[PDB]
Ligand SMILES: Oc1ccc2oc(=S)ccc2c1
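In structure tokens, the next block holds one chain alone, the form solved without the ligand.
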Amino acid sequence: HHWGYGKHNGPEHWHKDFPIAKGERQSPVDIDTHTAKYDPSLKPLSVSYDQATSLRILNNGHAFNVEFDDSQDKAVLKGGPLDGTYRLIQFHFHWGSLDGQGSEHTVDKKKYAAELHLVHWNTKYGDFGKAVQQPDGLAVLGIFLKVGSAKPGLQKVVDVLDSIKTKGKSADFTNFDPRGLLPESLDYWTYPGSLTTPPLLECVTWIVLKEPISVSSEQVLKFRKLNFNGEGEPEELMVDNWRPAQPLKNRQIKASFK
């Protein structure tokens, strides 16, 4: 009875194995633009993916992750509200059963078709495993996906999904430049949060971009062909793998714009 997104093992059941699910710094959250606070002291975000080195893409039964080589000071996230440097280790998405839903964070209750999470760990801590044990261990860049024109930089991902349909499958995924998944503007909202999947550790400084990237209906449709199940097991399409908004509980969401 492993955790999942079904009615029997979904978000509403997670607290039984991970009590922190009802904690004080849980993610995602709804971004109420009227209550968010513009902070003029917030510096521009610094995303350096020029030399990021992608390795493989795999279906872990919850989503698909594109992993990178984080052994060198390659892809790093810094600046913005951060006081340290974080290395990119992997990215994945969360999406729905229809274009009307799929994102984890919402803006004034609005849900996007999907949400991209670029995960980075603090260089003060040695590696990912050690970083998640600290309150400022991770910096996750969240980017909303809306339907419209195609996103060229996403095509390589879309095209390879048919080869890793079921849990446990993976494929070579070298030479992928994540710079192709970023919107033009880097304006953002930021707040202290957690991982949105178990163990739900409250070790994340969330940075959610104001500008969503546009992907075509054809592209997002491909996400919905994946399976939660492994090969040979009953079909369980991978859709609605998103955790709903959690109580802000007085944390303050700051923005780099009004």
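Residues carry their position along the shown sequence, with the first being 1.
One more form of this protein, deposited with the ligand bound, exists but is not displayed; see below.
Contact between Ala52 and the ligand in the bound PDB entry is not found at the 4.5 Å heavy atom cutoff. Proximity of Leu209 to the ligand in the bound PDB entry: non-hydrogen atoms within 4.5 Å are absent; the residue sits far from the partner. Using a 4.5 angstroms limit between non-hydrogen atoms, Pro198 touches the ligand in the bound PDB entry. At the 4.5 Å threshold, heavy atoms of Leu82 stay clear of the ligand in the bound PDB entry, well away from it. Between the options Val147, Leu186, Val76, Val119, the residue in contact with the ligand in the bound PDB entry by a heavy atom within 4.5 angstroms is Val119. Shown here without the ligand, the chain has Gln90, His92 in 61 to 92 lying with a heavy atom within 4.5 Å of that partner in the bound PDB entry.
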